[PDB]
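First, one chain by itself in structure tokens, the form deposited in one PDB entry.
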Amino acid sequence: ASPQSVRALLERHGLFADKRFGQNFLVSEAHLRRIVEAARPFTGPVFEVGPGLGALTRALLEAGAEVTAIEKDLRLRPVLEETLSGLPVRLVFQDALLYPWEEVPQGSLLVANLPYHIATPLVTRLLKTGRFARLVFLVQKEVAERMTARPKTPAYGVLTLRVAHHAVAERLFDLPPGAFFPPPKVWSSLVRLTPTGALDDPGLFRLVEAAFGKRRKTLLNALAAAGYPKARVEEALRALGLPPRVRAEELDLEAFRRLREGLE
């Protein structure tokens, strides 16, 4: 893969990169290799969402992964068949947001150059399945920052705590716009999530989502606004030794879990 090879491949197939599909294709073989290495060992079947021109798909397959590749853009079928000629892969033409994720084998892996517009809801769904051993994927740098944020930083929020609840999170490296054709407007990052097997905790997330809803308020006032009894919230913060005017972004996962318990 190279900027010239990718441009040439698109042109030969009559393709354009379509923004409606968030198409930005990997253009660096070295980066492809680093993504594959980050996903090893392939202890379970691999799912790739958005195989595109098949560059990562081919590298995964050559590394011995058993791959299902889910692509929404049917126009990519000819180039994918060409790229993957002779190689065992399940190509599925479907919107990945509609794929039956809850039924994948326990121990499955995700390895993907995700389209920006589905990355957050897709990863959130896959985490809620509890079916994955590892998820390795590209997201915009700001989204990687949310997924790996520490408390009291701009990026810290509901997505940080959603990820933390289910999985260990790592931002492994960043990729400049030039690693893709066409180049996006922002940097990307390779994120690795390793699930602990924890499933959704809807009560905890009702609390977390209420906490971050009203961004201008203290935590107490945010939760009171969402219908939590104020006296009960006051007492629970106090019992935890937290300042009365503590803000939502100052609490870590442990603190939210204990706040929840105090309230019930």
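Heads up: residue numbers just count along the shown sequence, starting at 1. Between two forms, the rigid core is the largest collection of C-alphas that superpose within 1.5 Å.
Remark: stretch with higher mean C-alpha B factor among 178-186 and 73-81 is 178-186. Among the modelled residues of the chain, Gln94 sits in the highest third by CA temperature factor in this PDB entry. Ranked within its chain, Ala198 lands in the middle third, by CA B factor from the PDB record. When the modelled residues of the chain are ordered by C-alpha B-factor, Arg33 sits in the lowest third. When the modelled residues of the chain are ordered by C-alpha B-factor, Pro41 sits in the middle third. Among the modelled residues of its chain, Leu60 has a C-alpha B-factor that falls in the lowest third, as given in the PDB entry.
From this point on, the text means the form deposited in another entry, which you will not see here.
Note: rigid core superposed between this form and the one not shown; among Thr129, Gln140, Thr120, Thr148, the CA shift is 2 Å or more only at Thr120.
Shown in the overlay between this form and the one not shown, fitted on the rigid core, is a CA shift at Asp18 of 2 Å or greater.
In the core-superposed comparison between this form and the one not shown, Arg192 has its Cα shifted by less than 2 Å. After superposition on the rigid core, the Cα of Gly86 moves by 2 Å or more between this form and the one not shown. Relative to this form, the distance between the C-alpha atoms of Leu60 and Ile118 is increased by at least 3 angstroms in the other entry. Note: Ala119-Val158 Cα separation is 3 Å or more shorter in the other entry than here.
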